[PDB]
K.L.:
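Could you have a look at this structure, given as structure tokens, before my questions?
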Amino acid sequence: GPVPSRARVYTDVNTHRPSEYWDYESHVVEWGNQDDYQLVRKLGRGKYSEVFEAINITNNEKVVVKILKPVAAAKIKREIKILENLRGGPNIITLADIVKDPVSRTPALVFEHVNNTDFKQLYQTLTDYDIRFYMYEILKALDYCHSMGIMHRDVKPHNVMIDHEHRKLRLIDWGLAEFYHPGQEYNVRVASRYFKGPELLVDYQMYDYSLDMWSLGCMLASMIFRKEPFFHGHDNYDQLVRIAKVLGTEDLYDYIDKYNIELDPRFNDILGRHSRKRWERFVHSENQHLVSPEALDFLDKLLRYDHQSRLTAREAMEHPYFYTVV
Ligand SMILES: COc1cc(CC(=O)O)ccc1O
């Protein structure tokens, strides 16, 4: 069977804490007043919620209301506990209230408002300096949540809200987040296709905070190379082949051999044999001003098959790529 794995940082952060911190099932939700909020417009609808722009009538301030779909109780308590645990942390969205929606009869989470723009609206037009600046801001959020024993598991441009005018960033949508417990096997059906780490794609369940670092590398590659998405898979299987056409198949086999993982046999007819490509293959006249030797070295240290070999969030903050950032 598979070889076990453990995070190389923040391994035992939950083990030493009282059960109150991480046992979300036992958490008692403190309800606010639903009449304090007036819904203004629907922003979007996903698999588990409907999101609205609203106004807090007690202070005339703009807020965002996420009304959860009646799909599951466990997911709701987990998200609430995580948001309350991380509240006030650097670049973490602030949960302002939790009210019972009168129509859906489900919880409605009330958040601070950032801007009607997600990072996906801006990330393909930033300057070199702004890519470094905002990447450093995302790292502050990731090191904080990892230091608090939490993995986000859905890092992607849509989950980074940016107020470009005020140079402010928030990491949102903690609905897939989980507490890291060493030796725990987790569900691999997390993160969006293009940002899924190889551990999810090869069905390795004992993953950790390092999954968020792969997703962050995918965002960086997309920004510096002006290729969205960087790894453009047609489904979860082709997603791994797209990665192997860049990182090569030999390092993929070394990864699965290290953890004694057996690839799904469906890969026998689609994976092939691919050499590792040099990062310079992705540089062209249109993205060259975003590429530097420091950006390429940093990217190379995030996009590694072996989750234990990737930079941690704190090591990433130490990288030369960020030396120019004030
Ligand atoms: C679209 O803006 C926001 C979206 C969300 C949604 C979430 O955290 O799941 C929270 C706060 C926001 O400001």
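All residue numbers in this chain count up from 1 along the given sequence. Just follow the structure's listing: the first ligand is 1, and inside any ligand the first atom is 1.
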K.L.:
On the ring face of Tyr48, is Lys75 found with NZ or CZ under 6.0 Å from the centre and within 45° of the axis?
P.N.:
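Yes, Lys75 lies over the aromatic ring of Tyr48.
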K.L.:
Nearest 0.5 angstrom please: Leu126 CG to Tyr129 OH, how far?
P.N.:
12.5 Å
K.L.:
Could you check whether the rings of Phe282 and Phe225 sit parallel, tilted or perpendicular, using 30° and 60° as the cut-offs?
P.N.:
tilted
K.L.:
With hydrogens left out, which residues have an atom under 4.0 Å from ligand 1, given that only heavy atoms count?
P.N.:
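The 4.0 Å shell around ligand 1 contains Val64, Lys66, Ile93, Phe111, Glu112, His113, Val114, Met161, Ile172, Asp173.
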K.L.:
Between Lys81 and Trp22, is NZ or CZ placed under 6.0 angstrom from the six-membered ring centre and within 45° of the ring axis?
P.N.:
no
K.L.:
Using side-chain hydrogen bond (donor to acceptor under 3.5 Å, both in side chains) as the criterion, list what pairs up with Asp306, not counting sequence neighbours.
P.N.:
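Per chain and number, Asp306 pairs via side-chain hydrogen bond (donor to acceptor under 3.5 Å, both in side chains) with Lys258, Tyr259, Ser309.
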K.L.:
So if you build clusters from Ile, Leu, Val, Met, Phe, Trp, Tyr with side-chain heavy-atom gaps below 4.5 Å, do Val190 and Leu201 land together?
P.N.:
no
